[PDB]
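Two forms, one chain: they're shown below as structure tokens, one block per form, named structure 1 and structure 2.
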Structure 1
């Protein structure tokens, strides 16, 4: 009887969803992963001394959901809304992804964590910490800054914290 947590990584194109997922599961930074590939990953990890199965789907594409994408978006236990601190458009679309999850889930609130990625790119950073932290506290969801480029930053914590959010509900 092991618990399974279905997590979905959503965000604009290029924010680093594939980089983060591959970093989290395969412990390697893979630059320029195929932007259209949308597949799922599986591990058994122990969070807070409790074993858990992690079922993560790296989303891709903005058109209508494939049968796989849809059922993941409808049954997912939590979502990682990811934007790039170098792409102001991705930040303005956090609201779009936020509304999408609630509309699909038909809920007033759902387990979500705002993820600011590519923090390593400091010279080209466009969105500050207060900007992202305000966005997160606006949607009443946690905020984590991440970087999938070696050495990775908060990649494991981001996914683990999402599980923790799920465990501390209802």
Structure 2
């Protein structure tokens, strides 16, 4: 069948992992334990996306490493209003690279909640520096209607996987 990409959304609790996933699959924002399946055409090439919306809790090491092993690409999401979620980007990138036993792997740093500009604590420049440090692309998103770069984040991840 069509090429299948297993995309895994990781990040601290409350950063907007589910809101981004639901916006991407249902085009809704309302403030399902299975991974989500859809067809999508990216750069005139149809594909099947299999998207796992992870839980921001500590979870279990066995369950966590398992879905990291099966992922073809990862979105590392933080909230621009949450400093701790931004600092934990280093932990998510290192942990996924450790599981993969790789120096690099298709991932994109996602700075979510950029609509909350008066609560924003992580600047765009801080976000780009973080992405540059980890050698991954940077994109700013908002899952609140009207959504910002939600489709682009997932599609660009597939593009990275394709150009890997």
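Only residues modelled in both forms are compared. Numbering follows the first chain given and starts at 1. In this text, rigid core is short for the largest set of C-alphas that superpose within 1.5 Å between two forms.
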Residue among 46, 130, 106, 70 whose Cα moves 2 Å or more between structure 1 and structure 2, once the rigid core is superposed | 70
Aligning on the rigid core, do we see the C-alpha of residue 61 shift 2 angstroms or more between structure 1 and structure 2?
-> yes
Per-residue Cα shift, residue 119, between structure 1 and structure 2 [Å; core superposed] = 0.3
Core-superposed, runs of 3+ residues with CA shift of 2 Å or more between structure 1 and structure 2 span 37-39, 61-72
